[PDB]
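Here's the structure, in structure tokens; my notes come after.
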Amino acid sequence: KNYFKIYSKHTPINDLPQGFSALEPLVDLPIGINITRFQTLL
Amino acid sequence: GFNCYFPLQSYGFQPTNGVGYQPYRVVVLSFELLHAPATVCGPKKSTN
């Protein structure tokens, strides 16, 4: 989310589980970059 | 040539120079307040 912050939760599944959980804070810091678009790093 | 000089010069530093011409090390602390998180803060005044 935008300043820029990240939350996460990592769990096994067996294409998403039909359920609910709440994610915990991972990254929290401004950088001054307008983020309107994104791409992954492979 | 006449009235043409390389813009830089060396400092001929010698221990025998008077104090005003002895070398001095200068460090300047520039403190910036940006949109970035503060990351440089002094010690916390904690107690018991």
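Scheme for the structure tokens: letters A, B, ... for chains in order shown; per-chain residue numbers from 1; ligand numbers from 1 in order shown.
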Inset, instruction - Tell me, as an NGL selection string, which residues lie within 9 Å of residue A:32, counting only C-alpha atoms; anything in the same chain fewer than 6 positions away does not count. - result: (:A and (3-4)) or (:B and (34-36))
Export C-alpha atoms of the chosen residues as a PDB file, in the first residue's frame?
```
ATOM      1  CA  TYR A   3       3.709   6.144   1.985  1.00  0.00           C
ATOM      2  CA  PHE A   4       4.862   2.698   0.796  1.00  0.00           C
TER       3      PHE A   4
ATOM      4  CA  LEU B  34      13.976  14.478   3.859  1.00  0.00           C
ATOM      5  CA  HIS B  35      10.674  12.671   3.287  1.00  0.00           C
ATOM      6  CA  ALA B  36      12.668   9.499   3.992  1.00  0.00           C
TER       7      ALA B  36
END
```
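For residue A:27, the set of protein, DNA and RNA residues having any atom at most 8 Å away, when counting only C-alpha atoms and skipping those fewer than 2 positions along the same chain, is residues 5, 6, 7, 25 and 29 of chain A.
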Inset, instruction - Tell me which protein, DNA and RNA residues are within 10 Å of residue B:12, counting only C-alpha atoms, leaving out same-chain ones fewer than 4 positions away, and put them as a PyMOL selection string. - result: chain B and resi 17+21-23
Those same residues - N, CA and C atoms - I'd like them written as a PDB file, in the first residue's frame.
```pdb
ATOM      1  N   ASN B  17      55.775  24.709   8.940  1.00  0.00           N
ATOM      2  CA  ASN B  17      54.943  25.849   8.596  1.00  0.00           C
ATOM      3  C   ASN B  17      54.408  26.475   9.868  1.00  0.00           C
ATOM      4  N   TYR B  21      49.380  27.767   8.347  1.00  0.00           N
ATOM      5  CA  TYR B  21      49.648  27.019   7.136  1.00  0.00           C
ATOM      6  C   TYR B  21      49.881  25.535   7.398  1.00  0.00           C
ATOM      7  N   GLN B  22      49.639  25.101   8.626  1.00  0.00           N
ATOM      8  CA  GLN B  22      49.745  23.696   8.922  1.00  0.00           C
ATOM      9  C   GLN B  22      48.453  23.155   8.374  1.00  0.00           C
ATOM     10  N   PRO B  23      48.384  21.895   7.976  1.00  0.00           N
ATOM     11  CA  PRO B  23      47.168  21.291   7.534  1.00  0.00           C
ATOM     12  C   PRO B  23      46.217  21.094   8.663  1.00  0.00           C
TER      13      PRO B  23
END
```
Inset, instruction - Would you kindly return, as JSON, numbers by chain, each protein, DNA or RNA residue with an atom no farther than 12 Å from any atom of residue A:22, considering only C-alpha atoms and excluding same-chain residues fewer than 5 positions away? - result: {"A": [7, 8, 9, 10, 11]}
Take the selection from the previous step and output its residues with N, CA and C atoms, as an mmCIF file, in the first residue's frame.
```cif
data_model
loop_
_atom_site.group_PDB
_atom_site.id
_atom_site.type_symbol
_atom_site.label_atom_id
_atom_site.label_comp_id
_atom_site.auth_asym_id
_atom_site.auth_seq_id
_atom_site.Cartn_x
_atom_site.Cartn_y
_atom_site.Cartn_z
ATOM 1 N N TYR A 7 2.656 -5.657 4.126
ATOM 2 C CA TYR A 7 2.241 -6.624 5.179
ATOM 3 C C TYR A 7 2.304 -8.021 4.537
ATOM 4 N N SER A 8 2.486 -9.102 5.312
ATOM 5 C CA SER A 8 2.493 -10.458 4.749
ATOM 6 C C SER A 8 2.053 -11.600 5.676
ATOM 7 N N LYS A 9 1.665 -12.707 5.030
ATOM 8 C CA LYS A 9 1.345 -13.975 5.688
ATOM 9 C C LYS A 9 1.662 -15.138 4.744
ATOM 10 N N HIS A 10 2.450 -16.108 5.204
ATOM 11 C CA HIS A 10 2.833 -17.235 4.346
ATOM 12 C C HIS A 10 2.345 -18.569 4.911
ATOM 13 N N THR A 11 1.395 -19.211 4.216
ATOM 14 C CA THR A 11 0.828 -20.477 4.700
ATOM 15 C C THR A 11 0.722 -21.513 3.579
#
```
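Our summary of the geometry notes that atom CA of residue B:37 is positioned 9.2 Å from atom CA of residue A:28.
When atom CA of residue A:18 is paired with atom CA of residue A:40, their separation reads 25.2 Å.
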Legend entry - Closest of A:15, A:21, A:2, A:33 to chain B - atom-to-atom distances counting only C-alpha atoms: A:33
Legend entry - Residues of chain A in strand (DSSP E or B), written as a ChimeraX atom specification: /A:5-8,24-28
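Between atom CA of residue B:29 and atom CA of residue B:11 lies a distance of 23.7 Å.
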